[PDB]
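Form deposited in one PDB entry, single chain, as structure tokens, below.
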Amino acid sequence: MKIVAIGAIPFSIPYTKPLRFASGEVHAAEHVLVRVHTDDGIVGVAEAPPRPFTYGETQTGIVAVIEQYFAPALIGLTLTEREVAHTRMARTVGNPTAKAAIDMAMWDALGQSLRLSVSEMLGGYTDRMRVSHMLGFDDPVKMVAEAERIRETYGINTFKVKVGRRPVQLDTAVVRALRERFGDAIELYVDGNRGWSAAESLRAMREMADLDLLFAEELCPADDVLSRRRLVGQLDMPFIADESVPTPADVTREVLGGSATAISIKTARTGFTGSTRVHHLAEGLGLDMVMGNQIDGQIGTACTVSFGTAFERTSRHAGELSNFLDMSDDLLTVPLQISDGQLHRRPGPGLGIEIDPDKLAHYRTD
């Protein structure tokens, strides 16, 4: 189980409909397929989604850091030297998805080598997660229509509404329309992607005080430090930190500083080894955690569910596992299936997925 090579292949798949939010937009999945090859002939895979408006990574940059720094530093290690790989990669600052992809591909290879799913190796608490869908910006009537379509089609009963627009009433009207249309039959929460000021955020949440929102996520910039802390202290529900807590150290600083009262865990940025560190830190501190979506393709979603199903604290909440549906196509030989508002972790070893050679050949851009 020795790593003989690590590759980074850029690919691009158009979105049927772009996902828009306060911090940016995604019109295509311009990701990087990361592959870890072992001396046993096994190939572990994962993807790295470049999100310049979240981490500052670019597709070109991810391929570069992997080919120029990480691959050379990890070749020669075995799949059971994860902490050596973790420590070596840590010598390089940032580059979250590049690091996470390598870690997850290593876990995929390990699982295949041992005939065990990543989920069970991590803890195997359960076999499925409830699904939460992120509703991107769009005309009010269109967002409600999208929610209705998704709920009826896939049985999804949890929605995270993208907000952070002006005037604030535009978003509060959308959330109210959703609650009036579905009643208490659905769970609702919001994500502002740093779009509102702390003051606007409070006014918005106060207006929606009767809508039973479960969480408030990154309503204002965490970097508006003092006003952010004041806002978090004013809200009843937990305030989920996401882009502001990419590492365990950030979790500690933001939580102890009062700028976060809940934590988003995204395998796209902390993989499995790093995500376990976040889960354990959050559980130890006593904070709620939710599996988030990095506007993942099916490869990344398979990773999210692999980790989320491994622990009780992550599976007690719905996981954001459905935005891949807006992609026009994907790279798996067998597409992920969401039914009854749930997504099961794959039954196969590792991530339980396989890359379709024809799809990769068609969408790769190298």
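Note that the rigid core is defined as the largest set of C-alphas that superpose within 1.5 Å between two forms. Residue indices: 1-based, along the sequence shown.
Here the subject shifts to the form deposited in another entry, a form of this protein not shown in this document.
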Problem - Of the candidates 187, 207, 81, 138, the only Cα that travels 2 Å or more between the shown form and the other one, given a rigid-core fit - result: 138
Fill in the blank from the handout: A change of 3 Å or more separates this form from the other: in the other entry, the C-alpha atoms of residue 326 and residue 136 are farther
Exercise for the section: Would you mind telling me if residue 331 and residue 136 are closer or farther apart in the other entry than in the shown form, C-alpha to C-alpha, with a 3 Å or larger change? Expected result: farther
